[PDB]
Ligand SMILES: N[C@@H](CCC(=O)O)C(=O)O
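The data below hold one chain only, encoded as structure tokens and taken in the form deposited without the named molecule.
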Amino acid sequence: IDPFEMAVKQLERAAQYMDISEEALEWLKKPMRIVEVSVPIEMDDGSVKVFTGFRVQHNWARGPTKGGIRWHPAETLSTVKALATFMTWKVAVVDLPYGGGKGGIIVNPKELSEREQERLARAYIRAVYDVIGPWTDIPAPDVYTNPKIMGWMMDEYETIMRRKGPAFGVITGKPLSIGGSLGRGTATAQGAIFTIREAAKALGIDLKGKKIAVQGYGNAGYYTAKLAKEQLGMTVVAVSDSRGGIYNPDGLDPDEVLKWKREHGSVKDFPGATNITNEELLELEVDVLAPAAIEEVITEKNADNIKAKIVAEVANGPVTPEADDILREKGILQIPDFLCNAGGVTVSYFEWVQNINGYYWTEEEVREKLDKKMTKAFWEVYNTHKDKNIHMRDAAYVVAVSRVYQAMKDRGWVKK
């Protein structure tokens, strides 16, 4: 069904546990500004192709909107709106002076060359210039966008802006040479590790030697497993990808599995590990389960089979609303997705702060600040969950929507 409708339904279902006026709810149920533009580029054959670009700013009560740009053939304005709405709550829950934004281009980037990709990024910046800026809207990498495209976009924005202000802060996730930030590549996994470590403290479980199963082995999942092994002292016993999964009760080495995957395409048939499927990985007896591949992997048809103490929603929306109640019934602590993977946007905020301040931090300072922020956010959400006797997802919504609502009231946008 429609992604924006599902996001609105999640907001409405959460709103029953908080005291928010109906006018504020109606304000929050629709994006404040939506921009749809034509993005023309000159192809390598000389023809001019026009692409459809999107730029959604859901709410900027707490500050400039924040959100990445995704390049995808199945990209829809409804998906952009839903993701911007979720970005609002994600920045609100970790207490950032940000609002929620999202961008997208309907394009198959695999059919474009390097020059065509650079032209597409520059044309997108030239088209959405009037609604973005260091204090207006800060994009970032997302699906099929990378630091290289971010650098191209930053250069185009600086050329248009005539270097009048800090042009580095218009976009995050850029290379370290042009105002990048240390700790960006492991941001999401590091934040997820911090939240898992705090959840173990909440449940009174010592993680030094426990089992973790990670679904997905991209930038997020592989680093989640690596940091869980080295920082949390855990034993990775199962990793998977779009092809299949592997299992090893003794433990798996994330670096070796990554090297094997880079060579044979997938992680399957890893030396000394049972082969499994993606569905069997979720139902494996582990202490922490971290789905980080796609959305809606845990539904009402397989939630009774989850036997992990902690479910770390590293991916976006990997658990259906109907499965939340089933998981909570069995006694499983779940870390909501827009809280578990907020480390990426937190480090993006740190990069933006460094850009607008003209002063850049070291790796240790970035990691320490991220640890403080993630620990505080998790404990706020968990205390709200415990006091109000509601689901962790509902508690995170209560925390984020309350902040956005208070900002809206203080601005005078809503009088009630």
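For every residue, the number given is its place in the sequence shown, counted from 1.
The following text describes the form deposited with the named molecule bound, which does not appear among the structures shown.
Residue in contact with the named molecule in the deposited bound form (any heavy atom within 4.5 Å), chosen from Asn302, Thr136, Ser78, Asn316: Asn316. A single residue from the set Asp324, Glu118, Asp142, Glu198 has any heavy atom within 4.5 angstroms of the named molecule in the deposited bound form; that residue is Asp142. Contact with the named molecule in the deposited bound form, judged as any non-hydrogen atom within 4.5 angstroms, is confined among 201 to 209, 229 to 237, 159 to 167, 86 to 94 to 86 to 94. Proximity of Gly68 to the named molecule in the deposited bound form falls within the 4.5 Å heavy atom cutoff. The closest heavy atom approach of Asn341 to the named molecule in the deposited bound form falls within 4.5 Å. Contact between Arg328 and the named molecule in the deposited bound form is not found at the 4.5 Å heavy atom cutoff. Taking non-hydrogen atoms only, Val345 approaches the named molecule to within 4.5 angstroms in the deposited bound form. Heavy atoms closer than or equal to 4.5 Å to the named molecule in the deposited bound form belong, across 154 to 187, to the residues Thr172, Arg184, ordered by sequence position.
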